[PDB]
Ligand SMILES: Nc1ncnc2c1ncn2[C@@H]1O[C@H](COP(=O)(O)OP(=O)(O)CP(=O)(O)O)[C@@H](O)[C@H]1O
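Just the one chain here, laid out as C-alpha cells, in the form deposited without the named molecule.
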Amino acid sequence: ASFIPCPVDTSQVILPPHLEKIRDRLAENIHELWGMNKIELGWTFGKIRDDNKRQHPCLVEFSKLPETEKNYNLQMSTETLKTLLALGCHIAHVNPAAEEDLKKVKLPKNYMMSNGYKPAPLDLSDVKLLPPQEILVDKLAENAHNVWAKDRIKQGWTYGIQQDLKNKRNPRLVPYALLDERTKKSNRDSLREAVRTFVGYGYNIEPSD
C-alpha cells in the first residue's frame, strides 16, 4: 500500500524523424521474436484464431499484419525510444557500417509455417552490452512495471495476496524490486534484446554525463 508508481514522463518528448527507421527496425524484430516464441510454444498458422489447435492468424510477415497489430508494435517501439530520450539518452547513428554485417538467424525447417512465413530474428548473439546499457535496461524494466502498475491502480486495482477480478486485486501491484525473479528476468530480456537491436544497427545509446 506504500507503493507509488511514478513512471518516467514522456508526454513532452517528440521522437525525431531521424529515429523513424530504427523504430521501424525494432518493431519488426519484436514481432519476429514474437513469432519464434509462439512457434516454440507449439503454435501454428490459421486463417482464423483457433486456440484449441494453437492456430494464430498473426503468424505472418510484418507487412501483411492488419493496421491494429502493426500500429501496436510500432507504439511499443516508439515508447521505448521516447523513454530512452526522457531519461536523458543521446541516440546517435555513430556506426552506419554495422548494417553491413547484420545478419538474421536461420532457423530449422520446423519454424517454417504453412503460409510460407518463417520468422527470422536478428543474430545479435555477437552484441555484448556494456555497464551503462545494462543499467538502462534495468531502468527500462522498472518503468514498464510502473507504467502498468499506475494504469491498473487508477482503474481501481489494489494489491491482494490473491488475484480476483470483481474486487480488483492483483499480487503484482508491488514495487519492482519485490517481484517474481522469473518475472523480473522475463522483461529484462525482451528489453535487453531491444537495446542490442539499436547497437546492431550502429546506434550509440549514451547516458547524459
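In this text, the rigid core denotes the largest set of C-alpha atoms whose superposition between the two forms falls within 1.5 Å. When you see a residue number, it is the position in the sequence shown, counting from 1.
*Do the C-alpha atoms of 170-178 or of 43-51 have the higher average B factor in the entry?*
Mean C-alpha B-factor is greater for 43-51.
*Higher average CA B factor in the deposited record is what I'm after, so tell me if that's 116-124 or 72-80.*
Result of the comparison: 116-124.
*Selection from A97, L129, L85, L136 [criterion: highest C-alpha temperature factor in the record]*: In this record, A97 carries the highest C-alpha B-factor of the candidates.
*Please rank the C-alpha B-factors of the chain's modelled residues and tell me whether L165 sits in the lowest, middle or highest third.*
According to the entry, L165 has a C-alpha B-factor in the chain's highest third.
*Can you tell me which third, lowest, middle or highest, the CA B-factor of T158 falls into for its chain?*
Middle third, going by the recorded CA B-factors of the chain.
*Among modelled residues of the same chain, the CA temperature factor third for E67*: For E67, whose C-alpha B-factor we compare with every modelled residue in the chain, the answer is the highest third.
*Should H145 be placed in the lowest, middle or highest third of its chain by the C-alpha B factor in the entry?*
Lowest third, going by the recorded CA B-factors of the chain.
_Among modelled residues of the same chain, the CA temperature factor third for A1_ = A1: CA B-factor falls in the highest third of its chain.
What comes next is about the form solved in complex with the named molecule, which is not displayed.
*Is it the case that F3, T158 and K185 all touch the named molecule in the deposited complex, with a non-hydrogen atom of each within 4.5 angstroms?*
Not a single residue of the candidate spot has a heavy atom within 4.5 Å of the named molecule in the deposited complex.
*Report yes if any heavy atom of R49 sits within 4.5 Å of a heavy atom of the named molecule in the deposited complex; otherwise report no.*
Because a heavy atom of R49 falls inside 4.5 Å of the named molecule in the deposited complex, the answer is yes.
*Contact test in the deposited complex: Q163 vs the named molecule, heavy atoms, 4.5 Å*: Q163: contacts the named molecule in the deposited complex.
*Report yes if any heavy atom of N73 sits within 4.5 Å of a heavy atom of the named molecule in the deposited complex; otherwise report no.*
Judged by the heavy-atom cut-off of 4.5 Å, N73 is in contact with the named molecule in the deposited complex.
*asked:* How about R172 - does it come within 4.5 Å of the named molecule in the deposited complex, if we only consider non-hydrogen atoms?
replied: Output for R172 is yes: heavy atoms within 4.5 Å of the named molecule.
_Sole member of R54, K70, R152, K38 with a C-alpha shift of at least 2 Å between the shown form and the other one (core-superposed)_ = With the rigid core fitted, the residue that moves is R152.
_Core-superposed C-alpha of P7 shifting 2 Å or more between the shown form and the other one_ = It does, since the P7 C-alpha is displaced 2 Å or more between the shown form and the other one after the core fit.
*Threshold 2 Å Cα movement between the shown form and the other one for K185, core superposed*: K185 C-alpha, core-superposed: shift of 2 Å or more.
*Verify the C-alpha shift of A27 between the shown form and the other one: is it 2 Å or more after superposing the core?*
The answer is no, as the C-alpha of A27 shifts between the shown form and the other one by less than 2 Å after core alignment.
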